[PDB]
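Given next are the chains, with one letter for each unit.
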Amino acid sequence: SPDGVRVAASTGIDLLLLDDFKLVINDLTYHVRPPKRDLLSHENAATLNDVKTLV
Amino acid sequence: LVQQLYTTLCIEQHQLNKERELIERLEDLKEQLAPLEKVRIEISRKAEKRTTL
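Definitions and cut-offs
Residues numbered from 1 in each chain as written, not as in the entry; some residues may be left out. Chains lettered and ligands numbered in written order. Part of a larger assembly, values for the part shown. Heavy atoms only, no water. Helix = DSSP H or I, 4+ residues; strand = E, 2+ residues; numbered from the N terminus. Buried < 20%, exposed > 50% of the residue type's maximum accessible area, 1.4 Å probe, protein only. Contact = heavy atoms within 4.5 Å. Buried area = accessible area lost by both parts, 1.4 Å probe. Polar contact = N/O pair within 3.5 Å; in protein donor to acceptor, adjacent residues only side chain to side chain. Nonpolar A, V, L, I, M, F, W, Y, C, P; charged D, E, K, R; others polar.

Determination of this PDB entry was carried out by cryo-EM to a resolution of 3.6 Å, according to the record.

Now the structure itself:
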């Protein structure tokens, strides 16, 4: 993840590609910046995220 | 929430826009057809005359 947190071995790619993320090879930290493609109002994204769990 | 989500995303408009696209695309399919429609309806009429003969 953009900070010390590392992603799992199960997170779906799109769930990852949502934002930047450092990819580490054997001895280097390649710093990926994927193209911003969320395309949804964050608040609206939130109020939907609220729904999904609430269901 | 979903209703607030509904109105806040102009979905009703998008719904129309969805269909409005389809009906338009169908018109295109009809448009390509009109030229080649008349040519077969002869070859139908022609191959019909030779058959009713």
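Engineer: How do you make sense of the side chain of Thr47 of chain A when you look at a structure like this?
Structural biologist: You can see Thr47 of chain A is positioned in helix α2 (residues 42-54). For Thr47 of chain A, a relative accessible area of 13% corresponds to the buried category. Contacts of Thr47 of chain A, omitting those with residues within four sequence positions, involve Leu1 and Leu5 of chain B.

Engineer: It is not clear to me how the interface of chain B and chain A should be interpreted in this structure. Could you clarify?
Structural biologist: Between chain B and chain A, the contact holds five residues from the first and six residues from the second. Both faces considered, chain B and chain A share a buried interface measuring about 440 Å² in area, 77% of it formed by carbon and sulfur atoms. Counting the surface chain B buries against chain A, the share from its top three residues, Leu1, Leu5 and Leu9 of chain B, is 82%. Linking chain B with chain A are zero residue pairs in polar contact. For the side of chain B that touches chain A, the residue count by class is four nonpolar, one polar and no charged.

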